[PDB]
Ligand SMILES: *CC(=O)Nc1ccc(-c2nc3ccccn3c2Nc2c(C)cccc2F)cc1
Ligand SMILES: *CC(=O)Nc1ccc(-c2nc3ccccn3c2Nc2c(C)cccc2F)cc1
Ligand SMILES: [Ca+2]
Ligand SMILES: [Ca+2]
Ligand SMILES: [Ca+2]
Ligand SMILES: [Ca+2]
Ligand SMILES: [Ca+2]
Ligand SMILES: [Ca+2]
Ligand SMILES: [Cl-]
Ligand SMILES: [Cl-]
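Residue numbers (the numbering used here), protein chains in the order written: chain A, 1 to 236; chain B, 1001 to 1236; chain C, 2001 to 2005; chain D, 3001 to 3005.
Listed below in C-alpha cells is the structure:
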C-alpha cells in the first residue's frame, strides 16, 4: 500500500483537494488508501470513493469507445490495412480499464460490502459492484462474458431487493440504482422492455412520494427523476 | 526506454490515436519514444510532440494554481490551521509538473535542438525550451529562480533572433513565439511595457505582410494575430 | 449514451 | 490568464 504511511484523515482531506483540482486519478488513489485502513466509510466518504473512480473509469470508457469505433472502421470492406496498431492501442486502454474495475471490485470485496449492514451503505456498495461489472461487460468478448453480465445482474438485483424493502421510493440511492439497472437492461442484457418498465415504475412511484419531502430532499429526488425521464424519452 | 521495442512509425500512429481519444499522457509517452529513436522530427511530428506535452503540463498548471490558491487562503489571518496536507499535496503536484518540464527540456537538449538546422525546426524547439523554463519559473521560489527565468529568456531570445532573420512576419511559428515571449515579459519578468510593445509591434508587422498570403495562410496567421490583440486588450 | 449516476 | 500557444 503506497498510502500505508499516510493518516486516514489526511487521505480524506487530500481526496477532497484532488476533487477541487480535478485530479481524479490522485483522488482515487487517496480513497483507495483510505478504504485500506480497514474502517467503514461514512456517507460523505463513500461518495468521494465513487466520484473518484467514476471519473477515472468514465474517461477510460470514452477513450475505449473512440478507439473501438476507429478499429471497427478499419475492419470494413475497402479499408486500407494499417497494421496491428489500432487493435494494440485499444487493447492497452481496455486492459487499463479492466484493471481499474478489478481494483474497485476488490475494495468492495475486501471488505466494504461484508461490513455494510445499514441499507444506505449496503445498497450503495452493491450498486457500485453492479456498475463496475457492467463496465467490464461493455468490453467483454470472450468465454466469460455471460458470467460477467450475470455478476452485474446479481449485484444490482440484491441492491434492488434491499432498496425496495428498506428505503422510500424517493431515496436518491434507490433512484440512482434503478436508473443504472435500467441502463444495464437496455444496453447490456438486450432487454429494452425491462429497461423501460423499470424506469417508468421507478419514476411513477417516486412521483407519488414527493409530497412527504422537504424542499431540499425534493430537489435531490426530482433531479434523478428527470434522468429517468430523459432515458425514457431516448428509448420511446 | 519503455517504448524502445516499438517501431517509430507505430509510435507516431499511436500518438495520433491517443490525440483522437484525448489520452494526452499516452500521446506524450509515445512521442517521447519517437524522439528517442534518434531521428529528426518532421513538422507534423514536432506538432504532435508539442500538443501532447502542452496538454499534460497545462492540466498540471491548472491543478497547481487551484492548490496554490487554497494554500494562500490557509495562510491568511483568521484561517483555522488544517495541518501540512495542503502544502504537501501542492508540493506533490508541483514535483510532478517539474518532472514533466525536465523531461521535455531533456528531449530538446538530447538532441533535438542541436540537430535542428532549418529555421522552422530550430525556432520551434527553442520556443518550446522557453515555454518549459517559463513553466518551471511559474512555480519557482528558491535560490535558482533568477537562473530559471534567465534560461527561459535566453531560449526565447535566440528563437526571436532567428525568426526575425529567417521567417516572414506572418509565419505562425514566429507569431506564436512572440505571443508567448510577450506573456513571459508580462507574467514572469515583471516587464509589462516590454510585453505590450512586443505584442503591438508583432501584430502591426504581421498586418502589413498579410497581402502576400493565400487564403489558407491568411486564416492561420490572423487567428494568432487575434490572440495578440486579445492579450493587448487584457493589458490596456 | 443514456444517463447513469 | 493571457493567451499562449
Ligand atoms: C449518503 C449517500 O450516499 N447519499 C447520496 C445522496 C445523493 C446522491 C446523488 N444525488 C444526486 C443528484 C443528481 C444526480 C446524481 N446524484 C447522486 N448520485 C448518486 C450516487 C453517487 C449513487 C447512487 C445514487 C445517486 F443518485 C449521492 C449520494
Ligand atoms: C511546421 C510547423 O510547426 N507549423 C505550424 C504552423 C502553425 C501552428 C499553429 N497554428 C495555429 C493557429 C492558431 C493557434 C495556434 N496555432 C499554432 N500553434 C503554434 C505552435 C504549436 C507553436 C508555435 C506557434 C504556433 F502558432 C503550429 C505549427
Ligand atoms: Ca492513524
Ligand atoms: Ca482484451
Ligand atoms: Ca457495519
Ligand atoms: Ca525500426
Ligand atoms: Ca517544491
Ligand atoms: Ca538537421
Ligand atoms: Cl499500445
Ligand atoms: Cl501528497
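In this text, a Cβ means the ideal position worked out from N, Cα and C, and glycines have one as well.
Proximity of residue 1068/B to chain A, defined by a Cβ-Cβ separation below 8 Å, is not satisfied. By the CB criterion at 8 Å, residue 184/A and residue 152/A fall inside the cutoff.
Among the residues of chain A, those whose CB is under 7 Å from the CB of residue 1086/B are 17, following chain order.
For residue 94/A, the shortest separation between its Cβ and any heavy atom of ligand 4 lies below 7 Å.
The segment 1016–1033 of chain B and the segment 223–234 of chain A do not touch, with fewer than three beta-carbon pairs separated by less than 8 Å. For residue 1091/B, the CB falls within less than 7 Å of some heavy atom of ligand 7.
For the pair of segments examined, the segment 1065–1083 of chain B was found not to touch the segment 1041–1056 of chain B: the number of CB pairs separated by less than 8 Å stays below three. Following the DSSP letters along the chain, one finds residue 208/A in no alpha helix (DSSP H), marked with neither H nor E. DSSP assignment within the segment 41–92 of chain A yields no whole beta strand (DSSP E) run of 3 residues or more. Taking 8 Å as the cut-off, the beta carbon of residue 1097/B is found no closer than this to the beta carbon of residue 67/A. In this structure, residue 206/A places its C-beta atom within 8 Å of the C-beta atom of residue 221/A. DSSP places residue 23/A outside both helix and strand once states are collapsed to three, so it counts as coil. Comparing alpha-carbon positions, the option among 187/A, 10/A, 179/A lying closest to residue 2005/C turns out to be 179/A.
For residue 1112/B, there is no enclosing alpha helix (DSSP H), as DSSP marks it with neither H nor E. For residue 1180/B, the neighbours in chain D by C-beta distance under 8 Å run, in chain order, 3004, 3005. The closest CA to that of residue 1043/B, considering only 1112/B, 1106/B, 1210/B, 1224/B, is found on 1112/B. The segment 1159–1218 of chain B is shown to contain whole alpha helix (DSSP H) runs of 4 or more residues at 1172–1183, 1192–1207, in chain order.
DSSP, reduced to helix, strand and coil, places residue 2001/C outside both helices and strands of the structure shown, so it counts as coil. Here residue 186/A is actually not in contact with residue 155/A; their C-beta atoms are around 17 Å apart, not less than 8 Å. Per DSSP, residue 1121/B is one residue of the alpha helix (DSSP H) stretching across 1119–1139. Contact check between the segment 142–149 of chain A and the segment 121–131 of chain A: fewer than three CB pairs, one atom from each, fall below 8 Å, which does not count as touching. For the pair residue 171/A and residue 212/A, the Cα-to-Cα distance works out to about 11 Å.
The C-beta separation of residue 1129/B from residue 1108/B comes to about 5 Å, placing the pair in contact by the 8 Å criterion. Taking a Cβ-Cβ threshold of 7 Å, the residues of chain B close to residue 14/A are 1085, 1089, in chain order. A direct Cα-to-Cα measurement between residue 1174/B and residue 1119/B gives close to 10 Å.
Taking every protein chain shown into account, the CB of residue 1099/B has fewer than 16 other CB atoms within 10 angstroms, so this residue is exposed. Residues of the same chain with a CB within less than 6 Å of the CB of residue 225/A, apart from the 5 flanking positions on each side, are 203, 206 in chain order. Neighbourhood of residue 1010/B in chain A, by CB distance below 7 Å: 85, in chain order. At a cut-off of 8 Å, the C-beta of residue 176/A has a neighbouring C-beta in chain C. In terms of Cβ geometry, residue 1021/B and residue 63/A form a close pair [threshold 8 Å].
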